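Shown here is one chain on its own, the form deposited in one PDB entry, set out as structure tokens.
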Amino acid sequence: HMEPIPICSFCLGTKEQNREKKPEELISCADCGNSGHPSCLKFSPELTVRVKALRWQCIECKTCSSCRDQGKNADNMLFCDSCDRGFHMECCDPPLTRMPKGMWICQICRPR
């Protein structure tokens, strides 16, 4: 993993200062080192704990966990609400006819 950048990309704060100027540990991208406070990333406490256990990729580094295509910058993917892994629409299982309004949970989190 790339050496983590010790500040949050969104608020500039270190682990000592989130947006409320309170201490909060950073989540860091394994590929580029970009970091964010979970609160700045808008991750729930449950998502935060899971992501800290995984090799997390930031929004720019994220590749599809099914096909792992390098892809193009213009491509889109869903982000799992339980683990934050990314999946192309065409790579989701079960297949989706449309984007869910609420939470979406990937096939790694809930095999089905």
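Residue indices: 1-based, along the sequence shown. Between two forms, the rigid core is defined as the largest C-alpha subset superposing within 1.5 Å. Shifts are known only where both forms have a C-alpha.
The same protein also exists as the form deposited in another entry; that form is not shown, yet it is the one meant from here on.
Establish whether a shift of 2 Å or more occurs at the C-alpha of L12 between this form and the one not shown, with the two forms superposed on the rigid core.
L12: C-alpha displaced by less than 2 Å between this form and the one not shown.
Superposing on the rigid core, does the Cα of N76 end up 2 Å or more away between this form and the one not shown?
Yes, the C-alpha position differs by at least 2 Å between this form and the one not shown.
After superposing the rigid core, is the C-alpha displacement of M89 2 Å or more between this form and the one not shown?
Shift at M89: below 2 Å after core fit.
Given a change of 3 Å or more, say if the Cα atoms of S44 and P94 sit closer or farther in that other deposited form than in this form.
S44 and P94 sit farther apart in that other deposited form.
Hey, the CA atoms of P94 and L47 end up closer or farther in that other deposited form than in the shown form, with the change being 3 Å or more?
Farther: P94 and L47 separate by 3 Å or more in that other deposited form.
Where the Cα shift reaches 2 Å or more for at least three residues in a row, which ranges qualify between this form and the one not shown on a rigid core fit?
Listed in sequence order, the moving runs between this form and the one not shown are 69 to 76, 93 to 97.
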